[PDB]
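Next come the chains, spelled out residue by residue.
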Amino acid sequence: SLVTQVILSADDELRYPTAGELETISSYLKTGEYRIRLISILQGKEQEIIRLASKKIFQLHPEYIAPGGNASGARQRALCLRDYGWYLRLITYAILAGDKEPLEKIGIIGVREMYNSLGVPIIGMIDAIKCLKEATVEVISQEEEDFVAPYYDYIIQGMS
Amino acid sequence: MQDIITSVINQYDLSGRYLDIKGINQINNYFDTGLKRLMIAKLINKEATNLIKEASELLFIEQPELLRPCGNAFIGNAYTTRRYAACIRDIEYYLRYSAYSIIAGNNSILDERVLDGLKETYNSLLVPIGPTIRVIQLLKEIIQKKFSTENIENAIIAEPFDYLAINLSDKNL
Amino acid sequence: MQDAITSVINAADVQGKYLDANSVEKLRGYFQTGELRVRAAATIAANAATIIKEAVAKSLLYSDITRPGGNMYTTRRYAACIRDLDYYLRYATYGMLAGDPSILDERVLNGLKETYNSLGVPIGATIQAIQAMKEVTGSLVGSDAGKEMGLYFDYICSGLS
Amino acid sequence: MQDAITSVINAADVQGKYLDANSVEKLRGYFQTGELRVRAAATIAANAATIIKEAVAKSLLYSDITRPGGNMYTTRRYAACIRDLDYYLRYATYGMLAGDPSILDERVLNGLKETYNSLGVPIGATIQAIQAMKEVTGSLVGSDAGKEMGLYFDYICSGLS
Amino acid sequence: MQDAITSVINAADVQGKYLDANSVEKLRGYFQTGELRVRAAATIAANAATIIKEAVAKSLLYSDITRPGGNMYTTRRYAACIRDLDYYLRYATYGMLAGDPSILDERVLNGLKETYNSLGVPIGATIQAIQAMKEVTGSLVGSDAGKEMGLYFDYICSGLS
Amino acid sequence: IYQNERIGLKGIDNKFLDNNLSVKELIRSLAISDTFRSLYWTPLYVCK
Amino acid sequence: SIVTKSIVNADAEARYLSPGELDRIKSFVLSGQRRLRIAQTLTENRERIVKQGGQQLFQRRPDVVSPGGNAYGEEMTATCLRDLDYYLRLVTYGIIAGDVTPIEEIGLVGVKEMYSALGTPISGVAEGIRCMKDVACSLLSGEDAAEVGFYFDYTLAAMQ
Amino acid sequence: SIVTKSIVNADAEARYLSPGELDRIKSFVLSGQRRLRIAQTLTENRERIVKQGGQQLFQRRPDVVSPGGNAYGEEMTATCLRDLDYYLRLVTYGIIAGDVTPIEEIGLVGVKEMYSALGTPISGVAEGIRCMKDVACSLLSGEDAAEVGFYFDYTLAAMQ
Amino acid sequence: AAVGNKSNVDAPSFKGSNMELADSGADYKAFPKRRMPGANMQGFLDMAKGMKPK
Amino acid sequence: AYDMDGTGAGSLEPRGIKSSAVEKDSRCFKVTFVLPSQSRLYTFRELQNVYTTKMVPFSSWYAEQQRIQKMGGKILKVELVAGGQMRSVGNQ
Amino acid sequence: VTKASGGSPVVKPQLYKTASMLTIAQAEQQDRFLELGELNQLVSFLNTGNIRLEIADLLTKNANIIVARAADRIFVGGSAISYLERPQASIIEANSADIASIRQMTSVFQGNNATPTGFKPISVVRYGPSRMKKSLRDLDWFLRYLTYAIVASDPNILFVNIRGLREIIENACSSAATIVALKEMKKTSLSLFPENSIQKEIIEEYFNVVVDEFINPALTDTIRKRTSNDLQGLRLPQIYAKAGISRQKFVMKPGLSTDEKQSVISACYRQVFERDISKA
Ligand SMILES: CCC1=C(C)/C(=C/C2=NC(=C\c3[nH]c(/C=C4\NC(=O)[C@H](C)[C@H]4CC)c(C)c3CCC(=O)O)/C(CCC(=O)O)=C2C)NC1=O
Ligand SMILES: CCC1=C(C)/C(=C/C2=NC(=C\c3[nH]c(/C=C4\NC(=O)[C@H](C)[C@H]4CC)c(C)c3CCC(=O)O)/C(CCC(=O)O)=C2C)NC1=O
Ligand SMILES: CCC1=C(C)/C(=C/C2=NC(=C\c3[nH]c(/C=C4\NC(=O)[C@H](C)[C@H]4CC)c(C)c3CCC(=O)O)/C(CCC(=O)O)=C2C)NC1=O
Ligand SMILES: CCC1=C(C)/C(=C/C2=NC(=C\c3[nH]c(/C=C4\NC(=O)[C@H](C)[C@H]4CC)c(C)c3CCC(=O)O)/C(CCC(=O)O)=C2C)NC1=O
Ligand SMILES: CCC1=C(C)/C(=C/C2=NC(=C\c3[nH]c(/C=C4\NC(=O)[C@H](C)[C@H]4CC)c(C)c3CCC(=O)O)/C(CCC(=O)O)=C2C)NC1=O
Ligand SMILES: CCC1=C(C)/C(=C/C2=NC(=C\c3[nH]c(/C=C4\NC(=O)[C@H](C)[C@H]4CC)c(C)c3CCC(=O)O)/C(CCC(=O)O)=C2C)NC1=O
Ligand SMILES: CCC1=C(C)/C(=C/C2=NC(=C\c3[nH]c(/C=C4\NC(=O)[C@H](C)[C@H]4CC)c(C)c3CCC(=O)O)/C(CCC(=O)O)=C2C)NC1=O
Ligand SMILES: CCC1=C(C)/C(=C/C2=NC(=C\c3[nH]c(/C=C4\NC(=O)[C@H](C)[C@H]4CC)c(C)c3CCC(=O)O)/C(CCC(=O)O)=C2C)NC1=O
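What this report covers is the structure whose coordinates are included nearby. (Residues numbered from 1 in each chain as written, not as in the entry; some residues may be left out. Chains lettered and ligands numbered in written order. Part of a larger assembly, values for the part shown. Heavy atoms only, no water. Residues with missing side-chain atoms left out of burial classes, pairs and counts.)

All names here are of chain H. Neighbouring residues of ligand 6: 21 residues in total, closest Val 64, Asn 70, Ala 71, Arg 82 and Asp 83. Separating an oxygen atom of ligand 6 from a backbone N or O atom of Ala 71 is a distance of 3.3 Å. Contacts to ligand 6 include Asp 83, whose side-chain N or O atom sits 3.2 Å from a nitrogen atom. Within the complex, the protein chains bury 74% of what would otherwise be the 920 Å² of accessible surface of ligand 6. The set of elements that each furnish at least two residues to the shell around ligand 6 consists of α5 (73-97), α7 (111-117) and α8 (122-137). Among the elements that take part in the shell around ligand 6, α5 stands out by supplying 9 residues, more than any other. (Near = heavy atom within 4 Å. Polar contact = N/O pair within 3.5 Å; in protein donor to acceptor, adjacent residues only side chain to side chain. Areas by Shrake-Rupley, 256 points an atom, 1.4 Å probe, with all protein chains shown as cover. Helix = DSSP H or I, 4+ residues; strand = E, 2+ residues; numbered from the N terminus.)

Below, the discussion takes up the site of ligand 3. The environment of ligand 3 is formed by 26 residues, the closest being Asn71(C), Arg76(C), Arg77(C), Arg83(C) and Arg40(J). Within the contact set of ligand 3, an oxygen atom lies 3.2 Å away from a side-chain nitrogen or oxygen of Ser37(J). Side-chain polar atom of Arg40(J) to an oxygen atom of ligand 3: 3.0 Å apart, as the coordinates give it. Relative to its unbound accessible area of 930 Å², ligand 3 is 91% covered by the protein chains. For the shell around ligand 3, the secondary structure elements donating two or more residues are α5 (75-98), α6 (102-109), α7 (113-119) and α8 (123-141) of chain C. Top contributing element to the shell around ligand 3 by residue count: α5(C), with 10 residues. Considered class by class, the residues forming the shell around ligand 3 number 17 nonpolar, 3 polar and 6 charged. (Nonpolar A, V, L, I, M, F, W, Y, C, P; charged D, E, K, R; others polar.)

Moving on, we get to the pattern of salt bridges. Applying the stated criterion across every chain yields a total of 67 salt bridges over all chains. Across the pair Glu127(G) and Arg60(G) runs a salt bridge, and its minimum N-O distance is 3.0 Å. Residue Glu127(G) is found in helix α8 (residues 122-137), and its partner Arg60(G) is found in helix α4 (residues 46-60); the two are separated by 67 residues along the sequence. Assessed through its relative accessible area of 17%, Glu127(G) is described here as buried. The closest approach of N and O atoms between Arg61(H) and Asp63(H), which form a salt bridge, is 3.0 Å. By relative accessible area, which is 17% here, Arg61(H) ends up buried. One salt-bridge network, in which partners are shared between bridges, spans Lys5(H), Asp99(H), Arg32(K), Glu35(K) and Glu38(K). (Salt bridge = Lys/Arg side-chain N within 4 Å of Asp/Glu carboxyl O. Buried < 20%, exposed > 50% of the residue type's maximum accessible area, 1.4 Å probe, protein only.)

Turning our eyes to something else, we now look at the pairing of strand β1 (residues 28-34) of chain J. Residues and elements named next belong to chain J. Burial runs high along β1: 6 of the 7 residues are buried. Relative to strand β3 (residues 74-82), β1 runs antiparallel, the two being bridged by 7 bridges. Across the sheet, the residue bridging to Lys 30 is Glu 79, located in β3. (Pairing = 2+ DSSP bridges.)

This part covers empty space enclosed by the protein. Of the pockets and cavities examined, the largest cavity occupies roughly 200 Å³. Taken together, 17 residues form the lining of the largest cavity, with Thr80(B), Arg83(B), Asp13(E), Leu15(K) and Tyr145(K) sitting closest to its centre. Elements with a contribution of two residues or more to the lining of the largest cavity: α5 (81-104) of chain B, α1 (4-14) of chain E together with α6 (156-162) of chain K. At 4 residues, the largest contribution of residues to the lining of the largest cavity is made by α1(E). Residue classes in the lining of the largest cavity are distributed as 11 nonpolar, 3 polar and 3 charged. (1 Å grid on protein atoms, 1.4 Å probe; cavity = no way out; pocket = protein on both sides within 12 Å on 5 of 7 lines; lining within 4 Å. Points joined across faces, edges and corners; volume = space filled by probe spheres on them.)

In this section: the interface of chain K and chain H. Contact residues are listed per partner, giving 23 residues for chain K and 20 residues for chain H. Note on chain K versus chain H: buried area summed over both sides is about 1700 Å², and carbon and sulfur give 50% of it. One salt bridge connects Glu35(K) with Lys5(H), and the closest N-O pair in it is separated by 3.7 Å. Counting every contact that joins chain K to chain H gives 5 residue pairs in polar contact. Those elements giving two or more residues to the side of chain K that touches chain H turn out to be α1 (22-29) and α2 (36-46) of chain K. Per element, the largest residue contribution to the side of chain K that touches chain H is 7 residues, and it comes from α2(K). The residue makeup of the side of chain K that touches chain H, split by class, is 5 nonpolar, 11 polar and 7 charged. (Contact = heavy atoms within 4.5 Å. Buried area = accessible area lost by both parts, 1.4 Å probe.)

And the structure:
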């Protein structure tokens, strides 16, 4: 989370948190429930969104769905929606703890070697998350989707 | 480094005086465009991996020599994919430190972390300085394609990329 | 860190005697299999990533260590596995060439089971990954070469147990 | 600024002894090549402009130091090159006659690499120009004379590096 | 750090062309002398201490650099010499195998004459030690092999001058 | 300069001492000597 | 430009700028609108100004392109026109700078050393710029042709 | 051996063995038939190689056996030949291992500390090994004498 | 064969051509003899064909 | 000299590890710990064993023990093998 | 503008290894003459020698035949081999190898199976010239570093320049239209030698190093995160560090042989003191 980054970043200098950092905790905690209210909106639309993600990741990339591709077959596609479910679940964690570590300690750190040992094309997974961010805009209004927009494209930046 | 603010405060500390209103007017000009400086930065994070890709093809479409053998001058252009891999990596940096420096509203982060020894490093590896600067402003035109209907975002985007251009030049005039 | 020739020279030297007929008898036995081990180590170097991809998909790919809560959930933790399985397939290749498993316990086995208990890495799933990795290695190098490369896999599995 | 005879006399004088058999032995070796060096310095004087025109066209003529932004773009900067390459081909001719590279570091090498770093002149392209200039110089003066003239070119390239 | 094959590949690659008949013509010339260089590097490895002991006793053993005030007086300073002469006989062995003196100026020559001037090490006595060391090296490896190993000694002596 | 090498310049001094030469031509007559060229031009870097 | 050397003139003299210097910086910047129009004409006429420039150059100097000439063959003739594209570019700089200071330190200082060292007849390249001048002044009115031609003939003067 | 240090070389470098390393393990094991023949010659010639080895050693160094020498009397002279039997044994190990790695960590590492601490002239024992070398190379052909002598002179080098 | 026969006059060397075989072209310089054009310059070569024939 | 000259907050050398070790201290611990790197997956360096047991001095145990937890290490056991306890003079 | 300068020394970055090369460097880094094992290392690759060299010329001579026979397979639209452009640097020359392609103005089939299933071959001019100006250029280059890997010691120069290559060109190229073209060169290059002779196994093993590793995921970028503020984070392609001699490390696992424990300790002397003073 954000307080953890301040306690850590202040701990390697052997000092208490300064004036600016205590702002960064205080301002983060005052915007508390709005992340809490937002994640309940997204949890009610996880079956909403991943159905829309499978819309365009496969019409864009029929290579993976076709016989021979990695996602060919039922059970391969079955977990395919599961990876969207874990990613969307991770983003609800990142939207709450207002930073990137739950998207980075999980999911991002070492993701390429995971997929490369699986056969999933790592470029395709970048479009999958980009597809997932494209899908979240429809079930979300303009007020709060740019609140969740910077959490998505960090994942794309992490995967390249 | 130093943002526009800390650079302003050091301006008044050297003279040892409090912040007058001419000093505060400089700070207010940052606070007005500060909200506009972010979606410029937020657009770059969303357009980062793309904006390097359009810059490379727009570069090599005019400099096909950079994708060719060097000549006997052992010069580092994008000849091999090992050369091409690292050479795209430099475009990462020019977009990155020119992205922070858009938010700081001041080129202090640019010269001390990019410019200092840049001609040093490229003269060692014999790297192109000419094409290296041209790709920096191919990014500038590419980024300004998005914010184009008005023209006060344009001066903001131009300031980091224009600073690297004037400073990486061997001065002809 | 001794090969078959180093171990033969050590035992013949540790008694202060020359290399008699029995010491050279084993050395001739090692030189006969010298042609087999290089070709075994040849193909294993080529299909290193393919062998590890086959073992994990055949042993522990879909088990619930792979799912959340399991010992292999996060991408850092998954990436540590194929990094970790690479050493077992690599050091076993060294034992197959040297003809002596001294390098394994010297550089792999010591402090290994004591380390996995610290991290909480499941030794049970680890050995079955190496067993499955041993099964695919017998596919590539053949039967007898698989018998040689397989002879050092279970040496790792035995000591790691 | 010492030639082969000056260096031989200095070392024989610095110990306060006469010119023994070893000191004259090298001096006789220098007088044997005295005929070769003059003819080598003869043709180099004739084809001075032709050699420099061949080196720049063969090494750095069309590279992007020649284009805008490169280190050699403007006509003042291009004209400084052939002026600059003339000294390397000229002072190397002096070392070839004197048989001792003392004149190079005395009058060329000292403060040279420290000067190019000030101007920002690429030392990498400079040495390859001298290497290409060394290659054409072996064309004119022959093999062994090129070996002599070439022996001072890389001395410049070594110290300038 | 390029050998004869690396230098041939670089020049053939730097023009973007394949290895034509002229590039392979020199490569065949290097492979012909491949048998000579290893045996030359073989005996030099064996008689490394003997060669350096012969050179210093033949060139600068009893001169007044060896006596008090000379540049080699104290035991630390004397011990630095045979340590220092070991590199010249060692790196020259590398140039003899690689067939290209690029390793010398890369790892020996650069900052060398600028370092001896700092310490005040006499460059004159240094070259004569290497010349005497070159003379004994022609004793061991033979005539043509001595011509090869000797071709890199004077390269050190030239640049170190 | 020492008396050995000043013998080569004695034609320049007494030409000046008899009021037959200026100061600037005395200065140029000294600097264009080989006694000067052998001291500050020859044993030095070309730009120093 | 006129701004930079009117400064460095008054800089050396330990003084500020006179009315004679400041009524011309003033007079030059009001001239700046008309200068960009003139340079804008030569900017996207380089296809005709260069190609017709080398038109009359070869008709007047067939030696340089004939076998034995410096610009002989498909190769050198391309570079034969490349230099004219250079000098046509510098004239666009001089028109906007209001002076041959850009043309001075680019393409003029030490130009005889380059072309003598390249084997190129320096008189031949002077003939090339004169042929470009008639094409350039034919593209503009009389008030402009007294300027655009005015910078070419300075380049003609320094190039011999 | 060549097998164990070609491994530990590539072991430290985090890589496998190159063709340069694997075409020599290959080249060494085909050489293994010829190595055992060479070591088999020195194995049951230790009676002559040692006894004639100490032959020339005393004729060249009578001080070490004279009264006051380290190997004086019936006792020390027996141990005087015992060490030569040691070093002759290690050369048989180096020939079969294809390297002085057996000779390195046995009889060479810290050898000057032992013989200096025993009062033995280390130069004298070096003379003994050289006398054994002429006897050993006299027992083999020219192709073999370039090997069996080759390991002795390494022991000569490290023993001074 | 030299064919030095007689009347080796000096003036009036004429014209024509022959282009005799090289040699020694069996040596080994590592660099070519250079040439501009390529990349950055296909525009003007194609375009100096225009005036080539004039 | 020793690490307690008067340095604390607001002092010229940066605020850092301050050990209570005397002049040339001769006390040393015997520690045991695992310390996973947590940085190999974006650096891709070679791997080294993380379970170590070694003798650290008293002069720098606190810095090491303060750092072993910095990178998520766990200390399994430490002892004071060499040195006395409650010893006024003699730790030197 | 930068108001200071550290200087730019001439640095030659690593490009590849060769068998004649790294073993000269390994004992170099340990501060020793190479030993008889490594002297036996440098010799019999030189003893490979002309066998490696003749593989180049026989491969180099019919380079067009190697490239053209791939062109018949995966390029519709007549010949479509005009866009070859062998001299790729724009030089007049110094000397040229001989290739000498089509003379008079796909001939016999009898075994020719390229596309494993319904793979779409790139047509032609639909594809366009500028993109076509590379495909023959890269079918060129695969013939090249192979004929630099034969002439060198190892296949390492191929591995550095083919690892992430398929990803970079993956958008302007159907990747399977490369694997067909790369497996046509081995099928063509195996026409030259009597098989089950020594040369047949040499060059075959170098073709499958480049084509099978071509279909292989690219290495991940290495990151250099800094510890404190004033530093700056970097990032390097993992391709970049695996080219060249690749300097070694030393570890002190207690239980090594006391030489390799001695070579590591003396390796520690050279690091901290810059010269092994125990040797000196
Ligand atoms: C919390 C972070 C996290 C992720 C993401 C994760 C992924 C993951 N994906 C897997 C497989 C897979 N994943 C895919 C994926 C896809 N095919 C497509 O076309 C798509 C673009 C993509 C899905 C959106 C396929 C086809 C397989 C099966 C490959 C095989 O085994 O043959 C596997 C092997 C076992 C399994 O399916 O559970 C893991 C562990 N583990 C994690 O801990
Ligand atoms: C933060 C600011 C910053 C920059 C910019 C930077 C650049 C940088 N560029 C490098 C190399 C390189 N850079 C290139 C780049 C190019 N080649 C071309 O032909 C083109 C002109 C250009 C691409 C635009 C190439 C080919 C190399 C490798 C040279 C070689 O090994 O041959 C290297 C050496 C490898 C390494 O990274 O360790 C550094 C340090 N470092 C920095 O800290
Ligand atoms: C060369 C001899 C040698 C070995 C074998 C070795 C292992 C080793 N495995 C580790 C971790 C690990 N190892 C695994 C492995 C697994 N998870 C599973 O479910 C499977 C059963 C298993 C794969 C087969 C995981 C997930 C971690 C990360 C643990 C963590 O982050 O807490 C770590 C911690 C540090 C790191 O990976 O950077 C070490 C040191 N070190 C050595 O020097
Ligand atoms: C691998 C390339 C390379 C070389 C050659 C090298 C030389 C080098 N020689 C040194 C000293 C020295 N070198 C000598 C050498 C000599 N005295 C004489 O009279 C002779 C002429 C000469 C022996 C031939 C002496 C006496 C010192 C010690 C100087 C001192 O203590 O002041 C030192 C100072 C540090 C030290 O020795 O630990 C270096 C770094 N370093 C390198 O990296
Ligand atoms: C901006 C100022 C400026 C100029 C003018 C300039 C000229 C210049 N002209 C060149 C060549 C050349 N220039 C010519 C020119 C000519 N042949 C003729 O017959 C005509 C008389 C004449 C042109 C009208 C030729 C033939 C070459 C190639 C010479 C060779 O290949 O040896 C080259 C070397 C190749 C290159 O890098 O382009 C330079 C640098 N550089 C500059 O920075
Ligand atoms: C395998 C490597 C190896 C060696 C070489 C070795 C040497 C060794 N030499 C010894 C004694 C000795 N060695 C000598 C040797 C000599 N006297 C001379 O004059 C000659 C110069 C020289 C022999 C050629 C003598 C006289 C003693 C007995 C010294 C005493 O009794 O004080 C001893 C003590 C008695 C014993 O245990 O044998 C050892 C251990 N041990 C080893 O493990
Ligand atoms: C951040 C978590 C953490 C803690 C708590 C910690 C404690 C710690 N306390 C120490 C000593 C000490 N601690 C004390 C403390 C006390 N004496 C008393 O009478 C009181 C009961 C008590 C004060 C409340 C004393 C006197 C020493 C010095 C002991 C000696 O010199 O022998 C030392 C030895 C080294 C040093 O101080 O430089 C450590 C490492 N280290 C850590 O990393
Ligand atoms: C010597 C080993 C080696 C190779 C091969 C190599 C290739 C390489 N191919 C490239 C592009 C390309 N390569 C190709 C085509 C193809 N490539 C193929 O291997 C197929 C035969 C064909 C498709 C069927 C195309 C169309 C491009 C342009 C892609 C783009 O526009 O980005 C590029 C980017 C620069 C360029 O535009 O050329 C490199 C660096 N580099 C190397 O170091």
